[PDB]
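**Student:** Provided herewith is a single structure, encoded as structure tokens, for subsequent inquiry.
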Amino acid sequence: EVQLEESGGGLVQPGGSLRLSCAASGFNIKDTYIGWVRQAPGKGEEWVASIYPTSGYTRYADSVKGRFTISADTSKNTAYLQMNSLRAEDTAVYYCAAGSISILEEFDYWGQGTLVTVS
Ligand SMILES: C[As](C)(=O)[O-]
């Protein structure tokens with residue numbers, strides 16, 4: 001009865017920007033941390049960011065600091081990832097994940113992924 005649904009993926013030119021959304025259902029995101037994890041085809045998982053929506057506290061992987069911004073709209077029970085200055089190395093499936101209040105083994109719920117392709 002819990003779902004995470006990502007959207008916003010697609011094709012982006014190098015240097016471009018993209019905003020992903022993660023709509024949560026079956027729980028209140030204020031009761032959790034929501035995270036974004038990416039994995040390219042043929043490569044391993046990389047956690048990029050987490051947010052605690054009730055407090056606004058955010059955490060970023062060093063590799064995306066400044067370039068990526070994680071946010072939430074608790075009125076829509078939705079988290080977002082703003083990605084700027086995209087490079088080929090950012091090509092990946094981006095998964096939203098959540099856990100009841102940097103590690104991917106601390107998430108209870110996982111989305112379906114949304115594919116981001118940088119030319
Ligand atoms: C969560 As961190 C990479 O800013 O110590």
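By convention here, the chains of the structure tokens are called A, B, ... in the order presented, each chain's residues are numbered starting at 1, and ligands are numbered starting at 1 in the order presented.
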Considering only C-alpha atoms and all ligand atoms, give me a table of residues in chain A that are at most 7 Å from ligand 1, with the closest atom pair and distance in Å for each, as a tab-separated table.
**Tutor:**
```
residue	atom	partner	partner_atom_place_in_ligand_line	distance
A:59	CA	ligand 1	1 (C)	4.8
A:60	CA	ligand 1	1 (C)	5.3
A:61	CA	ligand 1	3 (C)	4.4
A:62	CA	ligand 1	3 (C)	4.9
A:102	CA	ligand 1	1 (C)	6.0
```
**Student:** Since we have the selection now, will you write its residues out, keeping N, CA, C and O atoms, as a CSV table (one decimal), in the first residue's frame?
**Tutor:**
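Saved the output as part30.csv:
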```csv
chain,number,residue,atom,x,y,z
A,59,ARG,N,21.1,16.4,3.1
A,59,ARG,CA,22.4,15.7,3.0
A,59,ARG,C,22.7,15.4,1.5
A,59,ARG,O,21.8,14.9,0.8
A,60,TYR,N,23.9,15.8,1.1
A,60,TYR,CA,24.4,15.5,-0.3
A,60,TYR,C,25.6,14.7,-0.3
A,60,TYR,O,26.5,14.9,0.5
A,61,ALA,N,25.7,13.9,-1.4
A,61,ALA,CA,27.0,13.3,-1.7
A,61,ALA,C,28.0,14.4,-2.2
A,61,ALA,O,27.6,15.3,-2.9
A,62,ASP,N,29.2,14.3,-1.7
A,62,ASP,CA,30.3,15.3,-2.1
A,62,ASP,C,30.3,15.5,-3.7
A,62,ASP,O,30.6,16.6,-4.1
A,102,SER,N,22.8,8.4,3.7
A,102,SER,CA,24.0,8.1,2.9
A,102,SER,C,24.1,6.6,2.6
A,102,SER,O,24.8,6.2,1.7
```
**Student:** Please provide the set of residues having any atom within 12 Å of residue 116 in chain A, restricted to only C-alpha atoms, with same-chain residues fewer than 6 positions apart removed, written as number ranges by chain.
**Tutor:** A: 6-14, 16-20, 38-41, 81, 83, 86-95
**Student:** Counting only C-alpha atoms, which of A:21, A:73, A:97, A:104 gets nearest to residue 54 in chain A?
**Tutor:**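 So, comparing all the options, the nearest one is A:73.
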**Student:** Range 50-83 of chain A: which residues are strand (DSSP E) by DSSP, as a PyMOL selection string?
**Tutor:** chain A and resi 50-52+57-60+68-73+78-83
**Student:** For the residues selected in the previous step, produce a file with N, CA and C atoms as a short mmCIF file (atom, residue, chain, number, x, y, z; two decimals), in the first residue's frame.
**Tutor:**
```
data_model
loop_
_atom_site.label_atom_id
_atom_site.label_comp_id
_atom_site.auth_asym_id
_atom_site.auth_seq_id
_atom_site.Cartn_x
_atom_site.Cartn_y
_atom_site.Cartn_z
N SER A 50 19.60 13.25 0.42
CA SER A 50 18.45 12.93 1.27
C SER A 50 17.90 14.20 1.90
N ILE A 51 16.61 14.17 2.23
CA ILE A 51 15.96 15.28 2.92
C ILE A 51 15.05 14.71 4.01
N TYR A 52 14.99 15.41 5.15
CA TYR A 52 13.99 15.18 6.19
C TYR A 52 12.94 16.27 6.03
N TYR A 57 16.18 19.46 6.91
CA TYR A 57 17.58 19.06 6.89
C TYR A 57 17.89 18.26 5.63
N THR A 58 18.96 18.65 4.92
CA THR A 58 19.36 18.00 3.69
C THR A 58 20.79 17.48 3.81
N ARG A 59 21.06 16.40 3.06
CA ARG A 59 22.39 15.75 3.00
C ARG A 59 22.72 15.44 1.53
N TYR A 60 23.94 15.76 1.10
CA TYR A 60 24.37 15.55 -0.28
C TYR A 60 25.64 14.72 -0.35
N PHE A 68 23.42 19.84 -7.33
CA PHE A 68 22.10 19.25 -7.13
C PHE A 68 21.44 19.88 -5.91
N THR A 69 20.11 20.03 -5.95
CA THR A 69 19.33 20.53 -4.82
C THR A 69 18.14 19.60 -4.56
N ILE A 70 18.00 19.10 -3.33
CA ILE A 70 16.85 18.27 -2.98
C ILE A 70 15.87 19.12 -2.17
N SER A 71 14.58 18.96 -2.45
CA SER A 71 13.54 19.75 -1.79
C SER A 71 12.29 18.90 -1.68
N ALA A 72 11.30 19.42 -0.95
CA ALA A 72 10.05 18.70 -0.81
C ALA A 72 8.88 19.67 -0.73
N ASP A 73 7.73 19.20 -1.18
CA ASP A 73 6.46 19.90 -1.03
C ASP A 73 5.56 18.94 -0.25
N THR A 78 5.49 15.10 -1.93
CA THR A 78 6.37 14.90 -3.08
C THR A 78 7.74 15.51 -2.77
N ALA A 79 8.79 14.78 -3.15
CA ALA A 79 10.16 15.26 -3.08
C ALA A 79 10.66 15.56 -4.49
N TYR A 80 11.68 16.42 -4.57
CA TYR A 80 12.20 16.86 -5.86
C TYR A 80 13.72 16.81 -5.86
N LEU A 81 14.30 16.64 -7.05
CA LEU A 81 15.74 16.76 -7.24
C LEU A 81 15.98 17.68 -8.42
N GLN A 82 16.56 18.86 -8.15
CA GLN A 82 16.97 19.79 -9.19
C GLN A 82 18.42 19.50 -9.54
N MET A 83 18.69 19.26 -10.83
CA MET A 83 20.03 18.88 -11.26
C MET A 83 20.49 19.90 -12.29
#
```
